[PDB]
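Peer 1: Please find one structure pasted underneath; my questions will follow.
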Amino acid sequence: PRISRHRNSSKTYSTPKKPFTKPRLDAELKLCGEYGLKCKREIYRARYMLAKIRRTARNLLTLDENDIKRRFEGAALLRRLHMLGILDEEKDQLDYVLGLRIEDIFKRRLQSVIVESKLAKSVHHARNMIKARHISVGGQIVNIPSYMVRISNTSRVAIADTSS
Amino acid sequence: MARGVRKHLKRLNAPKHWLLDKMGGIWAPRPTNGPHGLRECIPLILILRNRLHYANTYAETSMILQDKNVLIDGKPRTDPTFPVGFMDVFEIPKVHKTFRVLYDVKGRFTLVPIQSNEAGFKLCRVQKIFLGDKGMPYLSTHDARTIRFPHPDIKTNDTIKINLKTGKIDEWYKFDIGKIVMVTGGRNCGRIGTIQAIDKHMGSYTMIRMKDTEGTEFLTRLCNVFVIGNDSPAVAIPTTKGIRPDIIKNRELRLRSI
Amino acid sequence: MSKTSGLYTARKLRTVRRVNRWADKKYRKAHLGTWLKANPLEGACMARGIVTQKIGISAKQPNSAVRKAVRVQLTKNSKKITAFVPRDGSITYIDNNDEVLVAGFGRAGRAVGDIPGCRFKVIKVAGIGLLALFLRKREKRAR
Amino acid sequence: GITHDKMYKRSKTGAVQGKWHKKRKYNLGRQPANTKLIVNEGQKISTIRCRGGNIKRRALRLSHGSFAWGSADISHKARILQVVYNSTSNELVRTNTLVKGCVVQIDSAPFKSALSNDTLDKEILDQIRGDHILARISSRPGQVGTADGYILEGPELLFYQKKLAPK
RNA sequence: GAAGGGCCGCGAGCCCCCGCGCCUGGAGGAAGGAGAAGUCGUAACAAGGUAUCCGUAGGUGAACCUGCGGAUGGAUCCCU
RNA sequence: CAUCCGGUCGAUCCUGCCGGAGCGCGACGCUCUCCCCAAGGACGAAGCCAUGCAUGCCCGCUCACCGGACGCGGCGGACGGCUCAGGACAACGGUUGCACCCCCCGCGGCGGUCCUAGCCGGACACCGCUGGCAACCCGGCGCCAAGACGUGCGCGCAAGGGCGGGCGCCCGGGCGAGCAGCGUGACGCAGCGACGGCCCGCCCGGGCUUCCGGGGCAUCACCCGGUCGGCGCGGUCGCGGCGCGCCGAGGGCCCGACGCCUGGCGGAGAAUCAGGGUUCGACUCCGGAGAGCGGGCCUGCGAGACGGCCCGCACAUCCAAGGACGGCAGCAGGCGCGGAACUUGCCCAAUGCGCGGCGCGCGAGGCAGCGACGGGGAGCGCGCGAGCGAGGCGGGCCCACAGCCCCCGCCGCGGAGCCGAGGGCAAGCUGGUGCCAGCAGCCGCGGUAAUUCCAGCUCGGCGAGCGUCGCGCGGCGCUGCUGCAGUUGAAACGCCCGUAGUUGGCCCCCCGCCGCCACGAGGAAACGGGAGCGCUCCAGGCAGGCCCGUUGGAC
Ligand SMILES: [Mg+2]
Ligand SMILES: [Mg+2]
Ligand SMILES: [Mg+2]
Ligand SMILES: [Mg+2]
Ligand SMILES: [Mg+2]
Ligand SMILES: [Mg+2]
Ligand SMILES: [Mg+2]
Ligand SMILES: [Mg+2]
Ligand SMILES: [Mg+2]
Ligand SMILES: [Mg+2]
Ligand SMILES: [Mg+2]
Ligand SMILES: [Mg+2]
Ligand SMILES: [Mg+2]
Ligand SMILES: [Mg+2]
């Protein structure tokens, strides 16, 4: 057969079981306005990733502290979270993870990091600027609004040298 | 049921320890019959193309081999699918590179560079003694070689040193408690240790208990226990001495190399 | 207790469930086979047939109306069914001896609404969706 | 053709198994040789190409064989006269058909030409002074193309003598 | 050593008979369901105007009636 | 990632079902800006097939024409590719064995052959002359080659057969295991040898075989008669009722036989989602089976082979009417059928296979084309002025040739639909019609305000996607092991005895056995989980950096 048959693929998001729920609609619209999200698939993606992290943390927490698997997996998970900036550096216990929330994921988006740096007037302005390729990360132009910046690259985000 | 023997090999059906990319292609090389079997060998092209990188395609390897640029146990081989196995001698005079094919702790084939003094021989495991035509005693080994008129003092599962130039036995190591060994099959490929116990069950397998240098103990069946000397190895071994680190230490080493 | 609970009683429990799960109407209707042999569509989403008579059916007691339907004969079975074209003024687009595509209602095989003994819907005629003809997206000047 | 596959049989409960493939060449058989004693005519042996290129030879007609007297360690090639007893069936005897286990009469000349002068078993010597000696067949004609055997000795000889004497 | 012939073995196809499974016509007979604002009476719900019901047997245009035995889910938790 | 809501009444609490709300697989319908990945005549027609392609290569043998042709000879064509008809103690999955077996290439050994050897004999093919027939097909005569055929120079060597151990058992060639080999008395001269290979071992593969698992119906309760076992021969690569003769009578069954049915290929796995589970598994890897139906056979190590031959049956073709010829469930394409499914394209450059020394071939496979099955990423503006997209014209990079992505220059098409607005369930204003026309999954609306029909305004949900139909999971503690119910709602046999079956008080300090728990060996990946790595992110992939654990692909 064609080698293209062995290529993998998967979905990335989940839809709520009860759609018409007033508080949920209000909160989702509030978040969309605050962070200027395009559609409601982004929130579903964030919820999916958060659920994955929470499930991993639960499974690890069920075990004993001195379980080799627990140590290995918790160390990897904490390192990833710290490198990504989602979890604060000073927290190094698996319990703290279960308290995380999607807003922490959102705060690490490129729009957010360039807005808190005073490099853009607004999230909408940030998106428009990102599309036109006036921005760079570590000397490389990034035009994806949902691109997530690691902590080590936070000070390396600047305006594109070649942009007008 | 196929009406005859099999000539092809799907890539997904190839051995794991060959380390072949899923997207490389539909097919993988099918080794030809020779000194070693399909699951205890690795084709020459894989070594010459995907490791040493002296070639980038099948055709280049074909030219290199048909121009006589590699010697296996002192004999030039022109077959790209010739099987290479354990304790084989890989010499390339054009670049003065000499390697002995051994196992790493992870359980894969590795090339340990050697010297001139020890490249005139190899170690073989004797696993079968039988009478041939005219009642003449014989002896076979793991690399598909037979020797007539062996010494009566040589028994099964022993290890034999033979000169590459001449297939003549020099000295032999007995299978006994207290002898350094190397594991060549299963979950413990590449580990080195000393025999501590031997337990036999009538009509079934014989289990061998070995202890590593650090005090770790492990078990394996006698079918893949290889003697490599008398308390000290007879050949040069990889930089590591048959110590398998745990996942934690391997992760630390990876992070350090990052 | 009422149910057997011994450590070596798996066979009896399996047999009990095997026998007793045939008492559910849904499970029978699905796994018995009579419905499949009796359903004119043989487990298909929809079928293709020929209309042969255009008729109107009265509604039930608490309602008062005459619903517009047609009689159809399925090509692959040669049996007869009654299919109902709901959309307003869409009977005039259907002509006698015309090729149609007929699907089901919301419920699997029960009557829907006040229409008595009708279980099928017309969706395509002459190759054009009725919903599209009703909205004037396309025209049936080929017929 | 002829086959010995077990798919065409019944099960241990007496049930019909069913068939799931066509006939295969590994499971074939062949018509029997039915080797005949000679008593255009002569020794005729055929050859069969068997699986793996191996060669099998079945005898159709033959008249001689090698026979051994174990007690005295005497062995010669002798002519076979006729078949006189067979346990499987009397039809084979009537037709003088040679198979392993047949009881035959051989000519006595090669043995009497050197015997009747040394102390040995009385019965074999009494046979020797006559025209024929009772013997048995130990090879498989139809597989190796030969008919060899040995001269009967003690209790088995008594058994077969008591069997064929009334006839 | 060819054509050709004889006997056995593998075994197609056709004929005959038997059995199994799935569909199907049929005068007449008989059930059920739906539709309407049809004709004859009032069996049940109140002591429903003869308390109701169960089993069995017979009878009658129809619901039903009567005989033997039983129950209260009765209209009675109450009398030397 | 442990959720409920509307409907029996004049009102109320229950049982109990109907309906709604989510995910996935397909089909239908509306619509559609850009990029990346990607399935694609399987769904009671394993129905029928014009047209073209899908297996060749070459060492040996040149007085052929000017060595290339051609032919003999050798290797290969039994792999690969397609499909799931048939088959329900079978296939298949895990676990044993052959001390009952066969095996090409390849690797390593070994290599003694009874009774013209400066090199043996005769032919055929191609080719020349003469010819038949519509076609397909061949005939006769004639010089010539071999790593072709036959004969065969030589120190005895194939198959098979007879004899050769013990004294209760156990304590080398080799085993757990009297298995191998050898000697000796007779038979027989098989194979190798006109440029030396018979034979042995290993390897891959196959054949059978132990143990465990392996669909439904009891309106199928008894079934089998080479069926069960024993003796003997035959045949087979080989064990064996595998076949034949004789003897005896057995074997299986509620722990479900036998029979019947299946729109029945199996597994690795997929969908769904608290935990326990339910349903599916044509299709990527492994294994099996088949090539219109049913049978038979040659060549060969290997086929009961069908892009090999012979016959019967059902179809089909050409005929200058005597004869000849075929098998797409291989790639494209066509008819029929159906709700349902693409170009009669280019190339071996990559991965491999066959042959072979500086290479050929391969509809395997790769590249492109159609493609809203489907998955992933951006966008139809921000602001009081600037800026950037798509698109076009050119240059690079890439590519077997070309596109595509990406980079560089000059001009610069800014486009949203599908459903709904009484409740469940988020979202209301005029005009018509008048229980008609129509809506409505359920409750219900419509007999002059119609908050529900048809229109306009406005509003809501998702969004380049939205809606409708059918199926599966969930909802459902409405199949209940976890975990239902059984006075009155549906449901305790009229009662007793009783075999299979299920369940059985307390007690021994340690031994053996079964279950049980833990650890371990051994055994494919892919999928799933999971460590590390900025394909610009992502779906993905196993990469990659320079001053790399032996860079890595752990488990
Ligand atoms: Mg009354
Ligand atoms: Mg009354
Ligand atoms: Mg009453
Ligand atoms: Mg000779
Ligand atoms: Mg010759
Ligand atoms: Mg089938
Ligand atoms: Mg397959
Ligand atoms: Mg086949
Ligand atoms: Mg065939
Ligand atoms: Mg074909
Ligand atoms: Mg083929
Ligand atoms: Mg209930
Ligand atoms: Mg009642
Ligand atoms: Mg009741």
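By order of appearance in the structure tokens: chains A, B, ..., then residues from 1 within every chain, and ligands from 1 in the order shown.
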Neighbours of ligand 5 at 9 Å or closer, counting only C-alpha atoms (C1' of nucleotides) and all ligand atoms: which residues, as a list in words?

Peer 2: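 Residues lying within 9 Å of ligand 5: residues 148, 149, 150 and 194 of chain F.
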
Peer 1: With a distance cut-off of 10 Å and only C-alpha atoms (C1' of nucleotides), select the neighbouring residues of residue C:80, excluding the residue or stretch itself and same-chain residues fewer than 6 positions from it, and output the selection as a list in words.

Peer 2: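 Contacts, with the query itself left out: residues 40, 49, 50, 51, 52, 71, 72, 73 and 74 of chain C.
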
Peer 1: Can you work out which residues are within 8 Å of ligand 2, considering only C-alpha atoms (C1' of nucleotides) and all ligand atoms, and then hand them over as a ChimeraX atom specification?

Peer 2: /E:43-44,48-51

Peer 1: Distance limit 12 Å, reference ligand 10, atoms considered: only C-alpha atoms (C1' of nucleotides) and all ligand atoms. Which residues make the cut? Give them as a VMD selection string.

Peer 2: chain F and resid 49 54 82 291 to 292 306 to 307 326 to 330

Peer 1: Residues within 9 Å of residue B:137, please, as a PyMOL selection string. Count only C-alpha atoms (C1' of nucleotides); anything in the same chain fewer than 5 positions from it doesn't count.

Peer 2: (chain B and resi 129-132+147-150) or (chain F and resi 173)

Peer 1: Counting only C-alpha atoms (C1' of nucleotides) and all ligand atoms, give me one row per residue of chain E with an atom at most 10 Å from an atom of ligand 3, showing the shortest contact pair and its distance in Å to one decimal, sorted by chain then residue number, as JSON lines.

Peer 2:
{"residue": "E:44", "atom": "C1'", "partner": "ligand 3", "partner_atom_place_in_ligand_line": "1 (Mg)", "distance": 8.5}
{"residue": "E:45", "atom": "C1'", "partner": "ligand 3", "partner_atom_place_in_ligand_line": "1 (Mg)", "distance": 8.1}
{"residue": "E:46", "atom": "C1'", "partner": "ligand 3", "partner_atom_place_in_ligand_line": "1 (Mg)", "distance": 9.2}
{"residue": "E:47", "atom": "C1'", "partner": "ligand 3", "partner_atom_place_in_ligand_line": "1 (Mg)", "distance": 8.3}
{"residue": "E:48", "atom": "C1'", "partner": "ligand 3", "partner_atom_place_in_ligand_line": "1 (Mg)", "distance": 8.3}
{"residue": "E:51", "atom": "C1'", "partner": "ligand 3", "partner_atom_place_in_ligand_line": "1 (Mg)", "distance": 5.0}
{"residue": "E:52", "atom": "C1'", "partner": "ligand 3", "partner_atom_place_in_ligand_line": "1 (Mg)", "distance": 3.9}
{"residue": "E:53", "atom": "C1'", "partner": "ligand 3", "partner_atom_place_in_ligand_line": "1 (Mg)", "distance": 8.9}
{"residue": "E:74", "atom": "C1'", "partner": "ligand 3", "partner_atom_place_in_ligand_line": "1 (Mg)", "distance": 7.8}
{"residue": "E:75", "atom": "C1'", "partner": "ligand 3", "partner_atom_place_in_ligand_line": "1 (Mg)", "distance": 9.0}

Peer 1: Just write the chosen residues, N, CA and C atoms (P, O5', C5', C4', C3', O3' and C1' of nucleotides), as a PDB file, in the first residue's frame.

Peer 2:
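File produced: out_0.pdb:
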ATOM      1  P     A E  44     -74.129  -5.447  36.155  1.00  0.00           P
ATOM      2  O5'   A E  44     -72.642  -4.891  36.171  1.00  0.00           O
ATOM      3  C5'   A E  44     -71.540  -5.762  36.365  1.00  0.00           C
ATOM      4  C4'   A E  44     -70.233  -5.026  36.257  1.00  0.00           C
ATOM      5  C3'   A E  44     -70.092  -3.801  37.145  1.00  0.00           C
ATOM      6  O3'   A E  44     -69.695  -4.117  38.465  1.00  0.00           O
ATOM      7  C1'   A E  44     -69.442  -3.260  34.940  1.00  0.00           C
ATOM      8  P     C E  45     -70.360  -3.350  39.705  1.00  0.00           P
ATOM      9  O5'   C E  45     -69.637  -1.935  39.705  1.00  0.00           O
ATOM     10  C5'   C E  45     -68.224  -1.857  39.771  1.00  0.00           C
ATOM     11  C4'   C E  45     -67.723  -0.446  39.636  1.00  0.00           C
ATOM     12  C3'   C E  45     -68.370   0.594  40.533  1.00  0.00           C
ATOM     13  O3'   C E  45     -67.827   0.603  41.843  1.00  0.00           O
ATOM     14  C1'   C E  45     -68.138   1.433  38.314  1.00  0.00           C
ATOM     15  P     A E  46     -68.624  -0.054  43.075  1.00  0.00           P
ATOM     16  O5'   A E  46     -68.975   1.180  44.013  1.00  0.00           O
ATOM     17  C5'   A E  46     -69.790   2.235  43.530  1.00  0.00           C
ATOM     18  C4'   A E  46     -70.720   2.769  44.583  1.00  0.00           C
ATOM     19  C3'   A E  46     -71.713   1.757  45.154  1.00  0.00           C
ATOM     20  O3'   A E  46     -71.921   2.012  46.543  1.00  0.00           O
ATOM     21  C1'   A E  46     -72.880   3.574  44.245  1.00  0.00           C
ATOM     22  P     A E  47     -71.855   0.812  47.607  1.00  0.00           P
ATOM     23  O5'   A E  47     -72.754  -0.328  46.958  1.00  0.00           O
ATOM     24  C5'   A E  47     -72.397  -1.701  47.073  1.00  0.00           C
ATOM     25  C4'   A E  47     -73.581  -2.606  46.872  1.00  0.00           C
ATOM     26  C3'   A E  47     -74.632  -2.101  45.891  1.00  0.00           C
ATOM     27  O3'   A E  47     -75.243  -3.210  45.235  1.00  0.00           O
ATOM     28  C1'   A E  47     -75.617  -2.388  47.999  1.00  0.00           C
ATOM     29  P     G E  48     -75.019  -3.469  43.667  1.00  0.00           P
ATOM     30  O5'   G E  48     -76.142  -2.597  42.963  1.00  0.00           O
ATOM     31  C5'   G E  48     -75.930  -1.227  42.674  1.00  0.00           C
ATOM     32  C4'   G E  48     -76.231  -0.911  41.238  1.00  0.00           C
ATOM     33  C3'   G E  48     -75.721  -1.923  40.220  1.00  0.00           C
ATOM     34  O3'   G E  48     -76.641  -2.034  39.137  1.00  0.00           O
ATOM     35  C1'   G E  48     -74.756   0.183  39.789  1.00  0.00           C
ATOM     36  P     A E  51     -78.192  -8.437  45.422  1.00  0.00           P
ATOM     37  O5'   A E  51     -76.890  -7.710  44.861  1.00  0.00           O
ATOM     38  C5'   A E  51     -75.746  -8.462  44.485  1.00  0.00           C
ATOM     39  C4'   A E  51     -74.488  -7.633  44.503  1.00  0.00           C
ATOM     40  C3'   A E  51     -73.354  -8.127  43.615  1.00  0.00           C
ATOM     41  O3'   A E  51     -73.474  -7.679  42.275  1.00  0.00           O
ATOM     42  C1'   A E  51     -72.521  -7.652  45.782  1.00  0.00           C
ATOM     43  P     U E  52     -73.119  -8.642  41.039  1.00  0.00           P
ATOM     44  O5'   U E  52     -71.528  -8.661  40.989  1.00  0.00           O
ATOM     45  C5'   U E  52     -70.800  -7.560  40.471  1.00  0.00           C
ATOM     46  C4'   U E  52     -69.355  -7.589  40.888  1.00  0.00           C
ATOM     47  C3'   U E  52     -68.505  -8.701  40.307  1.00  0.00           C
ATOM     48  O3'   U E  52     -68.079  -8.449  38.983  1.00  0.00           O
ATOM     49  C1'   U E  52     -68.086  -8.519  42.620  1.00  0.00           C
ATOM     50  P     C E  53     -67.982  -9.662  37.939  1.00  0.00           P
ATOM     51  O5'   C E  53     -66.739 -10.520  38.451  1.00  0.00           O
ATOM     52  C5'   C E  53     -65.413 -10.051  38.271  1.00  0.00           C
ATOM     53  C4'   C E  53     -64.416 -10.749  39.161  1.00  0.00           C
ATOM     54  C3'   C E  53     -64.070 -12.183  38.816  1.00  0.00           C
ATOM     55  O3'   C E  53     -63.187 -12.304  37.718  1.00  0.00           O
ATOM     56  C1'   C E  53     -64.369 -11.986  41.146  1.00  0.00           C
ATOM     57  P     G E  74     -62.252  -4.386  48.287  1.00  0.00           P
ATOM     58  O5'   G E  74     -63.754  -4.774  47.931  1.00  0.00           O
ATOM     59  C5'   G E  74     -64.413  -5.859  48.577  1.00  0.00           C
ATOM     60  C4'   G E  74     -65.772  -5.462  49.091  1.00  0.00           C
ATOM     61  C3'   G E  74     -65.782  -4.699  50.415  1.00  0.00           C
ATOM     62  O3'   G E  74     -66.845  -3.749  50.405  1.00  0.00           O
ATOM     63  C1'   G E  74     -67.088  -6.633  50.625  1.00  0.00           C
ATOM     64  P     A E  75     -66.557  -2.193  50.144  1.00  0.00           P
ATOM     65  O5'   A E  75     -67.693  -1.458  50.979  1.00  0.00           O
ATOM     66  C5'   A E  75     -69.067  -1.660  50.671  1.00  0.00           C
ATOM     67  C4'   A E  75     -69.872  -2.038  51.889  1.00  0.00           C
ATOM     68  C3'   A E  75     -69.327  -3.216  52.692  1.00  0.00           C
ATOM     69  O3'   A E  75     -69.575  -3.024  54.084  1.00  0.00           O
ATOM     70  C1'   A E  75     -71.494  -3.733  51.908  1.00  0.00           C
TER      71        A E  75
END
